[PDB]
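Participant: Here it is, the structure, as structure tokens.
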Amino acid sequence: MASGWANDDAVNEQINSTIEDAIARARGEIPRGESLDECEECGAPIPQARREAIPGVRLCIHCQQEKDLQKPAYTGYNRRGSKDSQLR
Ligand SMILES: [Zn+2]
């Protein structure tokens, strides 16, 4: 039974977005919460078309069109909780 085999707190914090947020403001490696210009699959030229259509695209039009099919178009979720999602 896979329990206490690898999933630790002191290894999950590297996986946490704290690291990428630190590097984003440190050297400007990570973009401003938006799309990139190089496909994470095959390093292929990301078109501005995919960038402006999809806020945070990581797939060139070739690798994207196949995953666009695999997009569920639903959540079926239940995450009870309130947040600051406003403009004051
Ligand atoms: Zn690609």
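Following the order of the structure tokens, chains are lettered A, B, ..., residues in each are numbered from 1, and ligands are numbered from 1.
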Report as a tab-separated table the residues of chain A within 7 Å of ligand 1, each with its shortest atom pair and distance in Å (one decimal), using only C-alpha atoms and all ligand atoms, ordered by chain and increasing residue number.
Facilitator:
```
residue	atom	partner	partner_atom_place_in_ligand_line	distance
A:39	CA	ligand 1	1 (Zn)	4.9
A:40	CA	ligand 1	1 (Zn)	6.9
A:41	CA	ligand 1	1 (Zn)	5.0
A:42	CA	ligand 1	1 (Zn)	4.4
A:43	CA	ligand 1	1 (Zn)	6.1
A:44	CA	ligand 1	1 (Zn)	4.9
A:59	CA	ligand 1	1 (Zn)	5.4
A:60	CA	ligand 1	1 (Zn)	4.4
A:62	CA	ligand 1	1 (Zn)	5.8
A:63	CA	ligand 1	1 (Zn)	4.5
```
Participant: Would you pick out the contacts of residue A:17 at 12 Å or less, using only C-alpha atoms, so that residues sharing its chain but fewer than 6 positions from it are not included, and give the list as a list in words?
Facilitator: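 Counting only C-alpha atoms, the residues come to residues 23, 24, 30 and 33 of chain A.
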Participant: For the selection just defined, write its residues with N, CA, C and O atoms to a file, as an mmCIF file, in the first residue's frame.
Facilitator:
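Written output follows (result15.cif):
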```
data_model
loop_
_atom_site.group_PDB
_atom_site.id
_atom_site.type_symbol
_atom_site.label_atom_id
_atom_site.label_comp_id
_atom_site.auth_asym_id
_atom_site.auth_seq_id
_atom_site.Cartn_x
_atom_site.Cartn_y
_atom_site.Cartn_z
ATOM 1 N N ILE A 23 11.066 32.666 -8.505
ATOM 2 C CA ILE A 23 11.882 32.763 -9.743
ATOM 3 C C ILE A 23 11.282 33.782 -10.750
ATOM 4 O O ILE A 23 12.027 34.455 -11.489
ATOM 5 N N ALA A 24 9.941 33.918 -10.735
ATOM 6 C CA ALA A 24 9.203 34.848 -11.618
ATOM 7 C C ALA A 24 9.584 36.309 -11.327
ATOM 8 O O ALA A 24 9.821 37.093 -12.249
ATOM 9 N N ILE A 30 9.663 32.844 -15.451
ATOM 10 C CA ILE A 30 8.227 32.593 -15.597
ATOM 11 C C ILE A 30 7.557 33.889 -16.115
ATOM 12 O O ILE A 30 7.878 34.975 -15.609
ATOM 13 N N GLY A 33 1.986 35.438 -15.492
ATOM 14 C CA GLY A 33 0.776 34.627 -15.318
ATOM 15 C C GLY A 33 0.052 34.287 -16.621
ATOM 16 O O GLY A 33 -1.075 33.797 -16.590
#
```
Participant: If DSSP is run on the backbone, what residues of chain A are helix (DSSP H, G or I)? A reply as a PyMOL selection string would be ideal.
Facilitator: chain A and resi 9-15+18-26+48-53+61-70
Participant: For the selection you just gave me, I'd like the residues written to a file as a compact mmCIF listing (two decimals), in the first residue's frame, keeping N, CA and C atoms.
Facilitator:
```txt
# COMPACT_ATOMS: atom_id res chain seq x y z
N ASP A 9 6.26 16.57 3.18
CA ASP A 9 6.06 18.03 3.20
C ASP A 9 7.30 18.74 2.64
N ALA A 10 8.49 18.26 3.05
CA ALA A 10 9.80 18.85 2.69
C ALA A 10 10.28 18.45 1.27
N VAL A 11 9.38 17.87 0.46
CA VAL A 11 9.63 17.58 -0.97
C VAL A 11 8.49 18.18 -1.83
N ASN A 12 7.30 18.37 -1.21
CA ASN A 12 6.09 18.91 -1.88
C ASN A 12 6.21 20.44 -2.06
N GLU A 13 6.99 21.09 -1.17
CA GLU A 13 7.20 22.56 -1.18
C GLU A 13 8.01 23.02 -2.42
N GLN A 14 8.80 22.09 -3.01
CA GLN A 14 9.53 22.34 -4.27
C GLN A 14 8.52 22.28 -5.44
N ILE A 15 7.58 21.33 -5.34
CA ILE A 15 6.49 21.14 -6.32
C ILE A 15 5.49 22.32 -6.25
N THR A 18 5.30 28.27 -4.96
CA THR A 18 6.14 29.21 -4.20
C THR A 18 7.52 29.41 -4.89
N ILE A 19 8.06 28.30 -5.42
CA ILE A 19 9.37 28.27 -6.09
C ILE A 19 9.32 29.07 -7.40
N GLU A 20 8.25 28.85 -8.18
CA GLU A 20 8.11 29.45 -9.53
C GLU A 20 7.77 30.94 -9.42
N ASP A 21 7.03 31.29 -8.34
CA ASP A 21 6.65 32.67 -7.99
C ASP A 21 7.89 33.47 -7.55
N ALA A 22 8.78 32.79 -6.81
CA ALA A 22 10.07 33.35 -6.38
C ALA A 22 10.96 33.66 -7.60
N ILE A 23 11.07 32.67 -8.51
CA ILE A 23 11.88 32.76 -9.74
C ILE A 23 11.28 33.78 -10.75
N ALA A 24 9.94 33.92 -10.73
CA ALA A 24 9.20 34.85 -11.62
C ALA A 24 9.58 36.31 -11.33
N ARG A 25 9.65 36.65 -10.03
CA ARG A 25 10.03 38.00 -9.57
C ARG A 25 11.57 38.15 -9.46
N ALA A 26 12.29 37.01 -9.37
CA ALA A 26 13.75 36.99 -9.19
C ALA A 26 14.48 37.41 -10.48
N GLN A 48 0.82 33.73 -31.59
CA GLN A 48 0.14 34.75 -30.77
C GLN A 48 -1.38 34.49 -30.73
N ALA A 49 -1.87 33.75 -31.75
CA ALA A 49 -3.28 33.35 -31.88
C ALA A 49 -3.70 32.49 -30.67
N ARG A 50 -2.87 31.46 -30.37
CA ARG A 50 -3.07 30.58 -29.20
C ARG A 50 -2.88 31.35 -27.88
N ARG A 51 -1.97 32.34 -27.89
CA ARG A 51 -1.64 33.13 -26.68
C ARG A 51 -2.80 34.03 -26.23
N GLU A 52 -3.49 34.65 -27.20
CA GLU A 52 -4.56 35.61 -26.92
C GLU A 52 -5.92 34.89 -26.74
N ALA A 53 -6.07 33.74 -27.41
CA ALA A 53 -7.27 32.88 -27.27
C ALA A 53 -7.26 32.15 -25.91
N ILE A 61 0.07 24.98 -31.90
CA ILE A 61 -1.27 24.72 -32.51
C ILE A 61 -1.47 23.22 -32.87
N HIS A 62 -0.34 22.54 -33.15
CA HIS A 62 -0.29 21.11 -33.49
C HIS A 62 -0.58 20.27 -32.23
N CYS A 63 0.23 20.45 -31.16
CA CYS A 63 0.05 19.72 -29.88
C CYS A 63 -1.21 20.22 -29.14
N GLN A 64 -1.73 21.42 -29.50
CA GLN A 64 -2.87 22.03 -28.79
C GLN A 64 -4.19 21.41 -29.30
N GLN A 65 -4.35 21.36 -30.64
CA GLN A 65 -5.62 20.93 -31.28
C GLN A 65 -6.05 19.51 -30.85
N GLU A 66 -5.05 18.63 -30.60
CA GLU A 66 -5.29 17.26 -30.11
C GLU A 66 -5.77 17.28 -28.64
N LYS A 67 -5.18 18.16 -27.80
CA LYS A 67 -5.52 18.26 -26.36
C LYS A 67 -6.86 18.99 -26.16
N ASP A 68 -7.22 19.84 -27.15
CA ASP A 68 -8.48 20.59 -27.16
C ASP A 68 -9.69 19.63 -27.21
N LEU A 69 -9.47 18.47 -27.84
CA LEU A 69 -10.44 17.36 -27.88
C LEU A 69 -10.55 16.72 -26.47
N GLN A 70 -9.40 16.63 -25.79
CA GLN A 70 -9.25 15.91 -24.49
C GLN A 70 -9.70 16.80 -23.31
```
Participant: To one decimal place, how far is atom CA of residue A:57 from atom CA of residue A:74 in Å?
Facilitator: 18.7 Å
